[PDB]
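Asks: Mind having a look at this structure? Questions to follow.
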4 protein chains.
Amino acid sequence: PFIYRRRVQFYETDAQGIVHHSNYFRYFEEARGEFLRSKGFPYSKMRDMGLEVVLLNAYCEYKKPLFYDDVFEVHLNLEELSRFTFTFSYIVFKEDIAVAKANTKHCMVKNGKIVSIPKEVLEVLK
Amino acid sequence: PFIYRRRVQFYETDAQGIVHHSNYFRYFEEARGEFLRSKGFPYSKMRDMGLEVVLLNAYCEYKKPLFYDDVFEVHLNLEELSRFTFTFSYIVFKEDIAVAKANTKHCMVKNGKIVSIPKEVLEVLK
Amino acid sequence: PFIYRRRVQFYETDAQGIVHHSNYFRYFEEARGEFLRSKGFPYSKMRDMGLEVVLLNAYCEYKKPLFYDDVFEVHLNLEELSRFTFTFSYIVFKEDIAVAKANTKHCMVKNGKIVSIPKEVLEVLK
Amino acid sequence: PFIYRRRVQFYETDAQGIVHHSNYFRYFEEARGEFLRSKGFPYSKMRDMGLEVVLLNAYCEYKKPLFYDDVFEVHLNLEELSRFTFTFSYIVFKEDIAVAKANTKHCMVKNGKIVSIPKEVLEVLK
C-alpha cells in the first residue's frame, strides 16, 4: 500500500475527546495528495492543466477512535481504474490496529465537461 | 421528512469554489441535532445522562455542488431502529434539485459499554 | 450594534470541551455576512461585481469559554470606515456575559488590485 | 526561533483561492505542539498531568496569501514568560517572504483553576 503517516492535532478533536468523523475525509485527501506528489504528478500540476478531480461518493466505517496526538497511518490502495473514474480504498491504522476503513470514487473534469482520464494520469494512478 | 434549512458560509468552500465534501457530514450532524432539539430531547441532555451517540459508518454521494451563500435543505429520515442502533438517511436539496444523498448509522454508549437505546430515546427517534 | 445569534455545533468544540479558538473568526465572518445581507447588499452580490473583501488583521481576546450547544450572540459594530479600509469590532455574549471581544480590519480588491471602497458599499457599511 | 514547516492542504483553502484566515491559528497551534515535542515535553504529557494550556488572546496580520500546496514555515519565538503566562510570536514565511505575523498569549489551569506555570514547564519554554 501507499502509506501516509500523520499525527492527530488538537483542533481535529471534538468534545467527545476523539477525532471528529468528518476529519477522516480530510486525512484521506491529504493521503491522496501525498500519493500523487510521491509519484511526481501532484494534484496542483493537474489543476495547472485545467483538470479537476471530482469526488463522486465517499464512505467511512469507524471501528475505534483516534485521540489527540495519536500517530496513525492511512494505507491507500487503488481499487478501480476505468476510462472515466477511479476508486481508492483506505485503511487507517493505529499501532497494530485497523481503526477505520473507507473508500472514495472520483472522476475528472476539464472545460466544464467530464473527460476520460489522461494517459499521463493513468500512469501515476496505476 | 424532517427539514433542516441552511445557508453555505464562505469558510465552508474550498479553492474549487464549492463546499468541501467533508463539510456535508457537519451539515448532517447539525440536522440530527435540530431533529432532536425540535422533538424536545436535545443531544446535550442525552450527554447529561452520560450517554454518547457513536457513529458507526457514514456514506455520501455527491451529485451537484453547493456554492457560497446557497440556501439548501437537508431532509432527514429515520431508516432503521433496532435495540442497539439506528440509521438516518439524508437528501440535500437545492432549489428543486437533489444535490447529494447520504446515510449514517449510530449506536449508543454509557459507562464505556454499548447500551441498548433507552426507551425515552426510542420515543424521540421513532 | 448588529446582533447575530448562533448555537454552538458539536464539531466546533475540541477535546478541551470548549469551542476551538479558531472558530471564533468563523463566527465573526458569519456575523459580517448576515450584517451585509440585512442591508440588502450581500457579499455574494459584491463577488458578482468582481470585488473581494480582503482581511488585513484580526484579534480576539477570550474571556470565558463557549460549550457545545450554547446559544450566544455576536454584537457587531463598525469602528472605522475610510477610503480604502473598514474595521469591525465584535463582542460575543453568552446570557448577559461578555465571553470574548474581537476586531477585524478589511480592504477591497478588484482585478488583483486594491480599490477605493465603492460608494454603494460605503452606503451599507455606514 | 523554532522552525515549523508545513504544506497547505486543499481543504484549508476557501473560494477566494487562499488559505482561510482562521486556519492560520491552527497552523500556530501545530507549531506550538511541535516546539513542545522537540523539547521532550509534549502537550499530551501536560494533559496527563491534569494541566490545560488556555489561550488568552490571539492576533494575526495578513500580508500576502498562501495558496493550495504552498510550502511555508512558521518561525516561533518566545516573547514573554512570567509566573502565570507566556506569549509566543510567529512569522509565517513563504520562500523568503514574510506572509503573515502573529502572536498568542496563554496561561495554565488545573482543577478548573489558574496555576503558576510548573517549574518543569518553565524549563522547556525558556
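Chain labels follow the order of the C-alpha cells: the first chain is A, the next B, and so on; residue numbering restarts at 1 in every chain, and ligands are counted from 1 in their shown order.
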Using the chain letters and numbers from this document, which residues of chain A does DSSP assign to alpha helix (DSSP H), as a ChimeraX atom specification?

Replies: /A:23-38,43-49,119-125

Asks: Provide as a list in words the residues of chain D at most 8 Å from chain C, counting only C-alpha atoms.

Replies: residues 16, 21, 22, 23, 25, 26, 52, 55, 56, 57, 58, 59, 60, 61, 62 and 63 of chain D

Asks: Using the selection just defined, write its residues with N, CA, C and O atoms as a compact mmCIF listing (two decimals), in the first residue's frame.

Replies:
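As a result, part20.txt now contains:
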```txt
# COMPACT_ATOMS: atom_id res chain seq x y z
N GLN D 16 -12.03 32.02 -2.23
CA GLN D 16 -11.12 33.09 -2.64
C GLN D 16 -9.80 32.52 -3.25
O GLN D 16 -9.02 33.25 -3.91
N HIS D 21 -8.43 32.66 6.68
CA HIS D 21 -7.67 33.31 7.76
C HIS D 21 -7.70 32.56 9.10
O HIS D 21 -6.70 32.59 9.85
N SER D 22 -8.82 31.89 9.39
CA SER D 22 -8.97 31.14 10.64
C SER D 22 -7.97 29.98 10.75
O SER D 22 -7.63 29.60 11.83
N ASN D 23 -7.54 29.43 9.62
CA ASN D 23 -6.64 28.29 9.66
C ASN D 23 -5.24 28.67 10.11
O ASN D 23 -4.51 27.80 10.54
N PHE D 25 -4.44 30.21 12.75
CA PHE D 25 -4.41 29.89 14.18
C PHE D 25 -4.23 28.39 14.40
O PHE D 25 -3.57 27.99 15.36
N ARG D 26 -4.72 27.58 13.47
CA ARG D 26 -4.48 26.12 13.55
C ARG D 26 -3.02 25.79 13.25
O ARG D 26 -2.42 24.95 13.94
N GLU D 52 -4.04 22.07 31.64
CA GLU D 52 -4.55 22.60 30.37
C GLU D 52 -3.83 23.94 30.11
O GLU D 52 -3.63 24.72 31.05
N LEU D 55 -5.78 29.59 26.04
CA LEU D 55 -5.43 30.74 25.23
C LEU D 55 -6.13 32.01 25.75
O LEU D 55 -7.36 32.00 25.92
N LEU D 56 -5.38 33.09 25.95
CA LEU D 56 -5.92 34.36 26.49
C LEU D 56 -6.35 35.32 25.35
O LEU D 56 -7.44 35.89 25.37
N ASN D 57 -5.47 35.47 24.39
CA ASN D 57 -5.72 36.30 23.20
C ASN D 57 -4.83 35.92 22.02
O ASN D 57 -3.79 35.22 22.16
N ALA D 58 -5.24 36.34 20.83
CA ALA D 58 -4.52 35.95 19.63
C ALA D 58 -4.71 37.08 18.66
O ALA D 58 -5.81 37.69 18.63
N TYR D 59 -3.69 37.29 17.84
CA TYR D 59 -3.66 38.35 16.80
C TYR D 59 -2.94 37.82 15.58
O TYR D 59 -1.92 37.11 15.73
N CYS D 60 -3.42 38.15 14.37
CA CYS D 60 -2.68 37.81 13.17
C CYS D 60 -2.87 38.94 12.19
O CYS D 60 -3.98 39.49 12.09
N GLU D 61 -1.77 39.30 11.54
CA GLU D 61 -1.72 40.31 10.49
C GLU D 61 -1.37 39.60 9.19
O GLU D 61 -0.38 38.85 9.09
N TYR D 62 -2.20 39.81 8.17
CA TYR D 62 -2.08 39.02 6.95
C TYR D 62 -1.57 39.90 5.84
O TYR D 62 -2.21 40.89 5.46
N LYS D 63 -0.39 39.56 5.34
CA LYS D 63 0.28 40.44 4.40
C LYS D 63 0.19 39.96 2.96
O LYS D 63 -0.04 40.76 2.03
```

Asks: After a least-squares superposition on chain B over all sequentially paired C-alpha atoms, what is chain C as a CSV table (one decimal) with N, CA and C atoms, in the first residue's frame?

Replies:
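Saved result, part05.csv, follows:
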```csv
chain,number,residue,atom,x,y,z
C,1,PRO,N,-40.5,13.5,6.3
C,1,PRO,CA,-39.0,13.9,6.6
C,1,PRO,C,-38.9,15.1,7.5
C,2,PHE,N,-37.8,15.2,8.3
C,2,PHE,CA,-37.5,16.4,9.1
C,2,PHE,C,-36.7,17.3,8.2
C,3,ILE,N,-37.1,18.6,8.0
C,3,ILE,CA,-36.4,19.5,7.1
C,3,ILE,C,-35.5,20.5,7.9
C,4,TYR,N,-34.2,20.4,7.6
C,4,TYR,CA,-33.2,21.4,8.1
C,4,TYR,C,-32.7,22.3,7.0
C,5,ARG,N,-32.9,23.6,7.3
C,5,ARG,CA,-32.5,24.6,6.2
C,5,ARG,C,-31.2,25.3,6.7
C,6,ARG,N,-30.4,25.7,5.7
C,6,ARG,CA,-29.0,26.1,6.0
C,6,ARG,C,-28.5,26.9,4.8
C,7,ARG,N,-27.7,27.9,5.1
C,7,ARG,CA,-27.0,28.7,4.1
C,7,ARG,C,-25.4,28.4,4.2
C,8,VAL,N,-24.8,28.2,3.0
C,8,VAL,CA,-23.4,27.9,2.9
C,8,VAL,C,-22.6,29.1,3.4
C,9,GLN,N,-21.6,28.9,4.3
C,9,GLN,CA,-20.7,30.0,4.8
C,9,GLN,C,-19.4,29.9,4.0
C,10,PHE,N,-18.7,31.1,3.8
C,10,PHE,CA,-17.6,31.2,3.0
C,10,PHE,C,-16.4,30.2,3.4
C,11,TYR,N,-16.2,30.0,4.7
C,11,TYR,CA,-15.2,29.1,5.1
C,11,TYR,C,-15.5,27.7,4.9
C,12,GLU,N,-16.7,27.4,4.5
C,12,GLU,CA,-17.1,26.0,4.1
C,12,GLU,C,-16.7,25.6,2.7
C,13,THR,N,-16.3,26.6,1.9
C,13,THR,CA,-15.8,26.3,0.5
C,13,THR,C,-14.3,26.0,0.5
C,14,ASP,N,-13.8,25.5,-0.6
C,14,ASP,CA,-12.4,25.3,-0.8
C,14,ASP,C,-12.0,26.0,-2.2
C,15,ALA,N,-10.8,25.8,-2.6
C,15,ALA,CA,-10.3,26.5,-3.8
C,15,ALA,C,-11.0,26.1,-5.1
C,16,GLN,N,-11.7,24.9,-5.1
C,16,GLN,CA,-12.5,24.5,-6.2
C,16,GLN,C,-13.8,25.4,-6.3
C,17,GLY,N,-14.1,26.2,-5.3
C,17,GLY,CA,-15.2,27.1,-5.3
C,17,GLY,C,-16.5,26.4,-4.9
C,18,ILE,N,-16.4,25.3,-4.3
C,18,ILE,CA,-17.5,24.5,-3.9
C,18,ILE,C,-17.4,24.1,-2.4
C,19,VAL,N,-18.5,23.7,-1.8
C,19,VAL,CA,-18.4,23.2,-0.4
C,19,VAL,C,-17.6,21.9,-0.3
C,20,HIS,N,-16.5,22.0,0.5
C,20,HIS,CA,-15.7,20.8,0.6
C,20,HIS,C,-16.5,19.6,1.1
C,21,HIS,N,-16.2,18.4,0.5
C,21,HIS,CA,-17.0,17.2,0.7
C,21,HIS,C,-17.2,16.8,2.2
C,22,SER,N,-16.1,17.1,3.0
C,22,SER,CA,-16.1,16.7,4.4
C,22,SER,C,-17.2,17.5,5.2
C,23,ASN,N,-17.5,18.7,4.7
C,23,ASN,CA,-18.4,19.6,5.4
C,23,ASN,C,-19.9,19.0,5.4
C,24,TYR,N,-20.2,18.2,4.4
C,24,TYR,CA,-21.5,17.7,4.3
C,24,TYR,C,-21.8,16.9,5.6
C,25,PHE,N,-20.9,16.1,6.1
C,25,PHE,CA,-21.1,15.4,7.3
C,25,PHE,C,-21.3,16.3,8.5
C,26,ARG,N,-20.8,17.5,8.5
C,26,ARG,CA,-21.1,18.5,9.5
C,26,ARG,C,-22.5,19.0,9.4
C,27,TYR,N,-22.9,19.3,8.2
C,27,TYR,CA,-24.3,19.6,7.9
C,27,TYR,C,-25.3,18.5,8.4
C,28,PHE,N,-25.0,17.3,8.2
C,28,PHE,CA,-25.9,16.2,8.6
C,28,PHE,C,-25.9,16.1,10.1
C,29,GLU,N,-24.8,16.4,10.8
C,29,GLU,CA,-24.8,16.4,12.2
C,29,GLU,C,-25.7,17.5,12.8
C,30,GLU,N,-25.6,18.7,12.1
C,30,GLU,CA,-26.5,19.8,12.5
C,30,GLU,C,-27.9,19.4,12.4
C,31,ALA,N,-28.3,18.7,11.3
C,31,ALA,CA,-29.6,18.3,11.0
C,31,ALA,C,-30.2,17.3,12.1
C,32,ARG,N,-29.3,16.4,12.5
C,32,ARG,CA,-29.7,15.5,13.6
C,32,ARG,C,-29.9,16.2,14.9
C,33,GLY,N,-29.1,17.2,15.1
C,33,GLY,CA,-29.2,18.0,16.4
C,33,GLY,C,-30.5,18.7,16.4
C,34,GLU,N,-30.8,19.4,15.3
C,34,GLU,CA,-32.1,20.1,15.2
C,34,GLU,C,-33.3,19.2,15.3
C,35,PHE,N,-33.2,18.0,14.7
C,35,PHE,CA,-34.3,17.0,14.8
C,35,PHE,C,-34.5,16.6,16.2
C,36,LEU,N,-33.4,16.3,17.0
C,36,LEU,CA,-33.6,15.9,18.4
C,36,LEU,C,-34.1,17.1,19.2
C,37,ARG,N,-33.7,18.3,19.0
C,37,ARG,CA,-34.2,19.5,19.7
C,37,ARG,C,-35.7,19.7,19.4
C,38,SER,N,-36.1,19.5,18.2
C,38,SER,CA,-37.5,19.6,17.8
C,38,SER,C,-38.4,18.7,18.5
C,39,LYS,N,-37.9,17.6,19.0
C,39,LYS,CA,-38.6,16.5,19.7
C,39,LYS,C,-38.6,16.7,21.2
C,40,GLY,N,-38.0,17.8,21.7
C,40,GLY,CA,-37.8,18.1,23.1
C,40,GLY,C,-36.8,17.2,23.9
C,41,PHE,N,-35.8,16.7,23.1
C,41,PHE,CA,-34.8,15.8,23.8
C,41,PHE,C,-33.5,16.1,23.0
C,42,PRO,N,-32.9,17.3,23.2
C,42,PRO,CA,-31.7,17.5,22.5
C,42,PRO,C,-30.6,16.6,22.9
C,43,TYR,N,-29.6,16.4,22.0
C,43,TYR,CA,-28.4,15.6,22.3
C,43,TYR,C,-27.7,16.0,23.6
C,44,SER,N,-27.6,17.3,23.8
C,44,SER,CA,-27.0,17.8,25.1
C,44,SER,C,-27.7,17.2,26.3
C,45,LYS,N,-29.0,17.0,26.3
C,45,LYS,CA,-29.6,16.4,27.4
C,45,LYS,C,-29.2,14.9,27.6
C,46,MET,N,-29.1,14.2,26.4
C,46,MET,CA,-28.5,12.9,26.5
C,46,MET,C,-27.1,12.8,27.1
C,47,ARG,N,-26.3,13.8,26.7
C,47,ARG,CA,-24.9,13.9,27.3
C,47,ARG,C,-25.0,14.0,28.8
C,48,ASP,N,-25.9,14.8,29.3
C,48,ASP,CA,-26.2,15.0,30.7
C,48,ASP,C,-26.7,13.8,31.4
C,49,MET,N,-27.1,12.8,30.6
C,49,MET,CA,-27.4,11.5,31.1
C,49,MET,C,-26.3,10.5,30.9
C,50,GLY,N,-25.1,11.0,30.7
C,50,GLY,CA,-23.9,10.1,30.6
C,50,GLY,C,-23.9,9.2,29.4
C,51,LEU,N,-24.7,9.6,28.4
C,51,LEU,CA,-24.8,8.9,27.1
C,51,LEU,C,-24.0,9.6,26.1
C,52,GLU,N,-23.5,8.8,25.1
C,52,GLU,CA,-22.9,9.3,23.9
C,52,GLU,C,-23.5,8.5,22.7
C,53,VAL,N,-23.8,9.2,21.6
C,53,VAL,CA,-24.2,8.6,20.4
C,53,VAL,C,-23.0,8.5,19.5
C,54,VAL,N,-22.6,7.3,19.1
C,54,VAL,CA,-21.4,6.9,18.4
C,54,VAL,C,-21.7,6.6,17.0
C,55,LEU,N,-20.9,7.2,16.1
C,55,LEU,CA,-21.2,7.0,14.7
C,55,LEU,C,-20.5,5.7,14.2
C,56,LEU,N,-21.2,4.8,13.5
C,56,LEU,CA,-20.7,3.5,13.1
C,56,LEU,C,-20.1,3.6,11.6
C,57,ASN,N,-20.9,4.2,10.8
C,57,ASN,CA,-20.5,4.4,9.4
C,57,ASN,C,-21.2,5.6,8.7
C,58,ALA,N,-20.7,6.1,7.6
C,58,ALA,CA,-21.3,7.2,7.0
C,58,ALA,C,-21.0,7.1,5.5
C,59,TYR,N,-21.9,7.5,4.7
C,59,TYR,CA,-21.8,7.5,3.2
C,59,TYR,C,-22.4,8.8,2.6
C,60,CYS,N,-21.8,9.4,1.6
C,60,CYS,CA,-22.4,10.5,0.9
C,60,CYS,C,-22.1,10.3,-0.6
C,61,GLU,N,-23.1,10.6,-1.4
C,61,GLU,CA,-23.0,10.6,-2.9
C,61,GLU,C,-23.2,12.0,-3.3
C,62,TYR,N,-22.3,12.6,-4.1
C,62,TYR,CA,-22.3,14.0,-4.4
C,62,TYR,C,-22.7,14.1,-5.9
C,63,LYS,N,-23.8,14.8,-6.1
C,63,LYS,CA,-24.3,14.8,-7.5
C,63,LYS,C,-24.1,16.2,-8.1
C,64,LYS,N,-24.4,17.3,-7.4
C,64,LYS,CA,-24.1,18.6,-7.9
C,64,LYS,C,-23.5,19.4,-6.7
C,65,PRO,N,-22.6,20.4,-7.0
C,65,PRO,CA,-22.0,21.1,-5.9
C,65,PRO,C,-22.9,22.2,-5.2
C,66,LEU,N,-22.5,22.6,-4.0
C,66,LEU,CA,-23.1,23.7,-3.4
C,66,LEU,C,-22.0,24.8,-3.4
C,67,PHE,N,-22.4,26.1,-3.6
C,67,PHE,CA,-21.5,27.2,-3.6
C,67,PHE,C,-21.7,28.1,-2.5
C,68,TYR,N,-20.7,29.0,-2.3
C,68,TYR,CA,-20.8,30.0,-1.2
C,68,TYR,C,-22.2,30.7,-1.3
C,69,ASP,N,-22.8,30.8,-0.1
C,69,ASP,CA,-24.1,31.6,0.0
C,69,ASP,C,-25.3,30.9,-0.5
C,70,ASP,N,-25.2,29.7,-1.1
C,70,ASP,CA,-26.4,28.9,-1.5
C,70,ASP,C,-27.2,28.6,-0.2
C,71,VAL,N,-28.5,28.6,-0.4
C,71,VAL,CA,-29.5,28.2,0.6
C,71,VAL,C,-29.8,26.7,0.2
C,72,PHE,N,-29.9,25.8,1.2
C,72,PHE,CA,-30.2,24.4,0.8
C,72,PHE,C,-31.0,23.8,2.0
C,73,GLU,N,-31.5,22.7,1.8
C,73,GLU,CA,-32.3,21.9,2.8
C,73,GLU,C,-31.7,20.5,2.9
C,74,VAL,N,-31.7,20.0,4.1
C,74,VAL,CA,-31.4,18.6,4.4
C,74,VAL,C,-32.6,18.0,4.9
C,75,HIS,N,-33.1,17.1,4.1
C,75,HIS,CA,-34.3,16.2,4.5
C,75,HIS,C,-33.8,14.9,5.1
C,76,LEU,N,-34.1,14.9,6.4
C,76,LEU,CA,-33.6,13.8,7.3
C,76,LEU,C,-34.8,12.8,7.5
C,77,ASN,N,-34.5,11.5,7.3
C,77,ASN,CA,-35.5,10.4,7.4
C,77,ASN,C,-34.9,9.2,8.2
C,78,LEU,N,-35.6,8.7,9.2
C,78,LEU,CA,-35.2,7.5,9.9
C,78,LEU,C,-35.4,6.3,9.0
C,79,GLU,N,-34.3,5.6,8.8
C,79,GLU,CA,-34.4,4.4,8.0
C,79,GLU,C,-34.5,3.1,8.8
C,80,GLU,N,-33.9,3.0,9.9
C,80,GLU,CA,-33.8,1.8,10.8
C,80,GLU,C,-33.7,2.2,12.2
C,81,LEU,N,-34.4,1.4,13.1
C,81,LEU,CA,-34.3,1.6,14.5
C,81,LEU,C,-34.4,0.2,15.1
C,82,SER,N,-33.4,-0.2,15.8
C,82,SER,CA,-33.3,-1.5,16.4
C,82,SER,C,-32.9,-1.4,17.9
C,83,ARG,N,-32.6,-2.5,18.6
C,83,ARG,CA,-32.3,-2.4,20.0
C,83,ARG,C,-31.1,-1.5,20.3
C,84,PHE,N,-30.1,-1.6,19.5
C,84,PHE,CA,-28.8,-1.0,19.7
C,84,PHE,C,-28.4,0.1,18.7
C,85,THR,N,-29.0,0.1,17.5
C,85,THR,CA,-28.6,1.0,16.5
C,85,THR,C,-29.8,1.8,15.8
C,86,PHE,N,-29.4,2.9,15.1
C,86,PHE,CA,-30.4,3.6,14.3
C,86,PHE,C,-29.6,4.1,13.1
C,87,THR,N,-30.4,4.3,12.0
C,87,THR,CA,-29.8,4.7,10.7
C,87,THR,C,-30.7,5.9,10.2
C,88,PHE,N,-30.1,7.0,9.9
C,88,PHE,CA,-30.7,8.1,9.1
C,88,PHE,C,-30.2,8.1,7.7
C,89,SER,N,-31.1,8.5,6.8
C,89,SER,CA,-30.8,8.9,5.5
C,89,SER,C,-31.0,10.4,5.3
C,90,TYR,N,-30.4,11.0,4.3
C,90,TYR,CA,-30.4,12.5,4.1
C,90,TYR,C,-30.5,12.7,2.7
C,91,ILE,N,-31.3,13.7,2.2
C,91,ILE,CA,-31.2,14.2,0.9
C,91,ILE,C,-31.0,15.7,1.0
C,92,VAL,N,-30.0,16.2,0.3
C,92,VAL,CA,-29.7,17.6,0.3
C,92,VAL,C,-30.3,18.2,-1.0
C,93,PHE,N,-31.2,19.2,-0.8
C,93,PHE,CA,-31.8,19.8,-2.0
C,93,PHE,C,-31.3,21.2,-2.1
C,94,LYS,N,-31.1,21.7,-3.3
C,94,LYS,CA,-30.9,23.1,-3.6
C,94,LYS,C,-31.9,23.5,-4.7
C,95,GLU,N,-32.8,24.4,-4.3
C,95,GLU,CA,-34.0,24.7,-5.1
C,95,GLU,C,-34.7,23.4,-5.1
C,96,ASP,N,-35.1,22.9,-6.2
C,96,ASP,CA,-35.8,21.6,-6.1
C,96,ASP,C,-35.0,20.4,-6.5
C,97,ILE,N,-33.7,20.6,-6.5
C,97,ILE,CA,-32.8,19.6,-7.1
C,97,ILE,C,-32.1,18.9,-6.0
C,98,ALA,N,-32.1,17.5,-6.1
C,98,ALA,CA,-31.2,16.7,-5.2
C,98,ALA,C,-29.7,16.9,-5.6
C,99,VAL,N,-29.0,17.4,-4.7
C,99,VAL,CA,-27.6,17.8,-4.9
C,99,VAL,C,-26.6,16.7,-4.3
C,100,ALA,N,-27.1,16.0,-3.3
C,100,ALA,CA,-26.4,15.0,-2.6
C,100,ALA,C,-27.3,14.0,-1.8
C,101,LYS,N,-26.9,12.8,-1.6
C,101,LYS,CA,-27.7,11.9,-0.8
C,101,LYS,C,-26.7,11.1,0.1
C,102,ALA,N,-27.2,10.9,1.4
C,102,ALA,CA,-26.3,10.3,2.3
C,102,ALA,C,-27.0,9.4,3.4
C,103,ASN,N,-26.2,8.7,4.2
C,103,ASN,CA,-26.7,8.0,5.3
C,103,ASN,C,-25.7,7.8,6.4
C,104,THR,N,-26.1,7.7,7.7
C,104,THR,CA,-25.3,7.5,8.8
C,104,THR,C,-25.9,6.5,9.8
C,105,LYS,N,-25.0,5.7,10.4
C,105,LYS,CA,-25.5,4.6,11.3
C,105,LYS,C,-24.9,4.8,12.6
C,106,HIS,N,-25.7,4.7,13.7
C,106,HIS,CA,-25.2,5.1,15.0
C,106,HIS,C,-25.6,4.0,16.0
C,107,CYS,N,-24.9,4.1,17.1
C,107,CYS,CA,-25.2,3.3,18.4
C,107,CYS,C,-25.0,4.2,19.6
C,108,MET,N,-25.3,3.6,20.8
C,108,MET,CA,-25.2,4.4,22.0
C,108,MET,C,-24.3,3.7,23.0
C,109,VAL,N,-23.5,4.6,23.8
C,109,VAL,CA,-22.7,4.1,24.8
C,109,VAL,C,-22.9,4.8,26.2
C,110,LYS,N,-22.5,4.2,27.2
C,110,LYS,CA,-22.6,4.7,28.6
C,110,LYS,C,-21.5,4.0,29.4
C,111,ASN,N,-20.6,4.7,30.1
C,111,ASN,CA,-19.5,4.1,30.8
C,111,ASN,C,-18.5,3.4,29.9
C,112,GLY,N,-18.3,3.9,28.7
C,112,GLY,CA,-17.5,3.2,27.7
C,112,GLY,C,-18.0,1.9,27.2
C,113,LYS,N,-19.3,1.6,27.4
C,113,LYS,CA,-19.9,0.3,27.0
C,113,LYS,C,-21.1,0.6,26.1
C,114,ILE,N,-21.4,-0.3,25.2
C,114,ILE,CA,-22.6,-0.2,24.4
C,114,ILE,C,-23.8,-0.5,25.2
C,115,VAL,N,-24.8,0.4,25.1
C,115,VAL,CA,-26.1,0.2,25.8
C,115,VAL,C,-27.2,0.1,24.8
C,116,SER,N,-28.3,-0.6,25.2
C,116,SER,CA,-29.5,-0.6,24.5
C,116,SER,C,-30.0,0.8,24.4
C,117,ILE,N,-30.6,1.2,23.3
C,117,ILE,CA,-31.1,2.6,23.2
C,117,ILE,C,-32.2,2.8,24.2
C,118,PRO,N,-32.1,3.7,25.2
C,118,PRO,CA,-33.2,3.9,26.2
C,118,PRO,C,-34.5,4.1,25.5
C,119,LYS,N,-35.6,3.6,26.2
C,119,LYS,CA,-36.9,3.7,25.8
C,119,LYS,C,-37.4,5.1,25.5
C,120,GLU,N,-36.9,6.0,26.3
C,120,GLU,CA,-37.2,7.5,26.2
C,120,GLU,C,-36.5,8.1,25.0
C,121,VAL,N,-35.4,7.5,24.6
C,121,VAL,CA,-34.7,7.9,23.3
C,121,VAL,C,-35.4,7.2,22.1
C,122,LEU,N,-35.7,5.9,22.1
C,122,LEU,CA,-36.5,5.3,21.1
C,122,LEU,C,-37.8,6.1,20.8
C,123,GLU,N,-38.4,6.6,21.8
C,123,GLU,CA,-39.7,7.4,21.7
C,123,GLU,C,-39.5,8.7,20.8
C,124,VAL,N,-38.4,9.4,20.9
C,124,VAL,CA,-38.2,10.6,20.0
C,124,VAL,C,-37.7,10.3,18.6
C,125,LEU,N,-36.9,9.2,18.5
C,125,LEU,CA,-36.4,8.8,17.2
C,125,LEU,C,-37.5,8.3,16.3
C,126,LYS,N,-38.4,7.5,16.8
C,126,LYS,CA,-39.4,6.8,16.0
C,126,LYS,C,-40.3,7.7,15.2
```

Asks: Run DSSP on the backbone and give me the residues of chain B it puts in strand (DSSP E), as a ChimeraX atom specification.

Replies: /B:2-7,51-62,71-81,85-94,97-110,113-115
